[PDB]
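# could you work out the structure for the sequence below:
(4 chains)
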Amino acid sequence: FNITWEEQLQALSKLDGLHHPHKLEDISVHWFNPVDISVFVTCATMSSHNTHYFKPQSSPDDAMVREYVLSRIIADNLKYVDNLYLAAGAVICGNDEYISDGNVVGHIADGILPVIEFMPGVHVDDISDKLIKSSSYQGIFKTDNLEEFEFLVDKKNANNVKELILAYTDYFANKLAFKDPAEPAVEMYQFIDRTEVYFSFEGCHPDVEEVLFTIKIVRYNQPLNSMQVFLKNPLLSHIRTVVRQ
Amino acid sequence: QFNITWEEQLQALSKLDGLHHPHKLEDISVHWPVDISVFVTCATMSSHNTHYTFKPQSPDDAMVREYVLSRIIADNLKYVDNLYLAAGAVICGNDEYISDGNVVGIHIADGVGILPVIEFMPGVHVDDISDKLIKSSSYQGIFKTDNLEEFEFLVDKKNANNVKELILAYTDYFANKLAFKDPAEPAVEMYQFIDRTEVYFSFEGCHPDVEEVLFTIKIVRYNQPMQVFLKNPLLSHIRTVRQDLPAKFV
Amino acid sequence: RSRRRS
Amino acid sequence: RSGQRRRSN
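Numbers count the residues shown, from 1 in each chain, chains lettered A, B, ... in the order given. Coordinates below:
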């Protein structure tokens, strides 16, 4: 159908802390198979014209899935709430070799290797099976402990990433608080080559049933300080990618 | 400023011997001191646009069209039968030889859904961009084009056959299907870097509608034909993406 | 409407 | 010409 920036900004008006949003515009949503019971929406902006998006538990509706368009972009605009926003700015500026795009930071000099990804609108519990199958085992990650952040991240950026994490935790627990408090979900998955820890949060909004946001640290089997026999190869800065047609 | 129509394009591409299955064509939209360099921008939906920079040789809205044609034909030289199928030899002649239509690479992962060895470069010639490479390279060399013994040098023997046949097929086309009155000799130059060896095969050909057509293919051979750096799976995690804003937090 | 960590 | 003639030998 047709949401307008009036409804978007009306929903974002009740997100505490945000004071500098990026440019929004009207979209056009179009949207379901009875097999597997899935509604995959898509909608057309006018400056990017590419966004597609869940498994419902009730009879769909036009008004129904716009609650979810608001769930997604409400979850996205959380990255601009100031304390969280430049709480990420601190981890990016805190290292001269952390390159960003607004959604993931982490090489190479050619005209990026993920270290931490911002995943708005999703939760680890909703995708947990695909990781429990693929992971060697699972672990727990104490958020208040600085040493674990000294494990996944080097001691240079451990603190910044830490109170970035519990910055999101405080924001969801106090500015997106439900009447019945929601506990944050932190889940560790060990792989053969890396270590993936997920920090997922649910938040209360009046216009939406729920808001979801998770952040993923990946700490590879190799240290950043060592391994350098691999990163010093200038074949890195010689690779790009393109279509395979 | 003006609007070429695509039949003015295929009026020039019709004079390409062997061109029987050309690319999808549309109308290019023209939009064209600083070293006297001239920049011309071509808008077309699709793919929306593109741009070219070149030396002015007094420019006008009648010769810039000649330029953009001189490169349209140059690119369409990769679908004339006898050189396209010769490419297909080089892509199908290896399991991990991925192609883009402009470059080819090896291994790697999409993740979402390469490493240049052969870059097809239309609208270029090493003579015009040499001086930027002699300074950056340690030294230069010769590459005997009609002999393979060096094609085993640049690429393994699994691809030296079809690579040699490809570049020599380009040589045959440019020397026999677009030959000048005084024939132009192909220019093949090799440059040795500290991490790789780059070779460029450059050809000039005569077309009735434009002053000249040129085409170069670059093939780079790295110092290793170990090479288990290609087996590290951290390279299966690499993506590409950086907004800038005055932010002060101190 | 029509939570994970209960 | 019309600027050409690079390697005519």
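# all contacts plus neighbour counts: C-alpha atoms, from now on.
OK.
# secondary structure element holding residue A:188?
Here residue A:188 sits within strand A:185-190, counting by DSSP states H and E.
# now for whichever strand or helix holds residue A:11, which elements pack on it?
Using DSSP H and E, residue A:11 sits within helix A:5-12. When contacts are defined as 3 or more C-alpha pairs under 8 Å, 6 or more residues apart in numbering or on different chains; DSSP states H and E, helix A:5-12 sits against helix A:62-76.
# quick one, strands of chain A?
A:29-30, A:42-43, A:51-52, A:104-105, A:116-120, A:137-139, A:185-190, A:195-203, A:211-218 (DSSP state E).
# most packed of these?
Mean neighbour count (mean count of other C-alpha atoms under 10 Å in any protein chain shown) peaks for strand A:195-203 among the strands of chain A, with a mean of 24.
# how far does it sit from its chain's centre?
Relative to its chain's centre, strand A:195-203 lies at 9 Å (C-alpha atoms, centre = their mean, to the nearest Å).
# may I have it as PDB, with CA atoms only?
Output of strand A:195-203 as PDB, limited to C-alpha atoms (Å, rounded to 0.1, in the frame of the first residue of the first chain):
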ATOM      1  CA  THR A 195      33.500 -17.200  17.600                       C
ATOM      2  CA  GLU A 196      30.100 -15.600  17.200                       C
ATOM      3  CA  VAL A 197      28.300 -13.900  20.100                       C
ATOM      4  CA  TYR A 198      24.900 -12.300  19.700                       C
ATOM      5  CA  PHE A 199      23.300  -9.600  21.900                       C
ATOM      6  CA  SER A 200      19.600  -9.400  21.200                       C
ATOM      7  CA  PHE A 201      17.100  -7.000  22.800                       C
ATOM      8  CA  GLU A 202      13.300  -6.600  22.700                       C
ATOM      9  CA  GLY A 203      11.600  -3.300  23.300                       C
END
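# run the angle between that strand and strand A:211-218 for me.
170 degrees (axes from the mean of the first three to the mean of the last three C-alpha atoms, to 10 degrees).
# name the residues that touch strand A:195-203?
A:122-124, A:141, A:152, A:165, A:169, A:172-173, A:176-178, A:182-190, A:210-221, C:3 (C-alpha atoms under 8 Å, 6 or more residues apart in numbering or on different chains).
# ok, and which of the residues you listed reach chain D?
Counting by C-alpha under 8 Å from any C-alpha of the partner chain, the subset of these that neighbours chain D is empty.
# which other residues reach the helix holding residue A:11?
Taking C-alpha under 8 Å, 6+ apart as the rule, helix A:5-12 contacts A:24, A:25, A:26, A:70, A:74, A:77, A:207.
# leaving out sequence neighbours, find the closest residue to the closest residue to chain C within chain A.
Nearest to chain C in chain A, going by C-alpha to the nearest C-alpha, is residue A:183, at a distance of 5.5 Å. In this structure, residue A:183 finds its nearest non-sequential neighbour in residue C:5, 5.5 Å apart by C-alpha to C-alpha, 6 or more residues apart in numbering or on different chains.
# check contacts around the nearest residue to residue A:71 once chain neighbours are set aside.
Leaving aside its sequence neighbours, residue A:71 sits nearest to residue A:211 (C-alpha to C-alpha, 6+ apart; 5.5 Å). Contact partners of residue A:211, counting by C-alpha under 8 Å, 6+ apart, are A:71, A:72, A:74, A:75, A:121, A:202, A:203, A:204, A:205.
# make it 6 Å
Going by C-alpha atoms under 6 Å, 6 or more residues apart in numbering or on different chains, residue A:211 touches A:71, A:75, A:202, A:203.
# give the bridge partners for it, please.
residue A:203 (DSSP bridges).
# any idea how far it lies from chain D?
64 Å (C-alpha to the nearest C-alpha, to the nearest Å).
# with residue A:149 instead?
61 Å.
# dump the residue contacts of that residue.
Residue A:149 neighbours (C-alpha under 6 Å, 6+ apart): residue A:158.
# so what's residue A:244 up against?
B:99, B:100.
# check residue A:104 too.
A:116, A:117, A:118 are the contacts of residue A:104 under C-alpha under 6 Å, 6+ apart.
# give me that answer again for 8 Å
Counting by C-alpha under 8 Å, 6+ apart, residue A:104 has contacts A:114, A:115, A:116, A:117, A:118.
# doesn't residue A:110 make contact with residue A:239?
Yes - contact criterion C-alpha atoms under 8 Å: residue A:239 and residue A:110 qualify, at 6.9 Å.
# between those two, which one's more packed in?
residue A:239 (17 against 13; other C-alpha atoms under 10 Å in any protein chain shown).
# could you find the closest non-adjacent residue to the more buried one?
Nearest one to residue A:239, counting by C-alpha to C-alpha, 6+ apart, is residue B:115 at 4.8 Å.
# in chain A, which spans are helices?
A:5-12, A:62-76, A:82-93, A:124-134, A:146-152, A:158-170, A:228-231 (DSSP state H).
# how about the shortest one as CSV, C-alpha atoms only?
Right, helix A:228-231. Provided in CSV are the C-alpha atoms of helix A:228-231 (Å, rounded to 0.1, in the frame of the first residue of the first chain):
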residue,chain,number,x,y,z
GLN,A,228,49.9,-11.2,10.2
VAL,A,229,51.5,-13.6,7.7
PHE,A,230,48.0,-13.6,6.2
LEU,A,231,47.1,-9.9,6.5
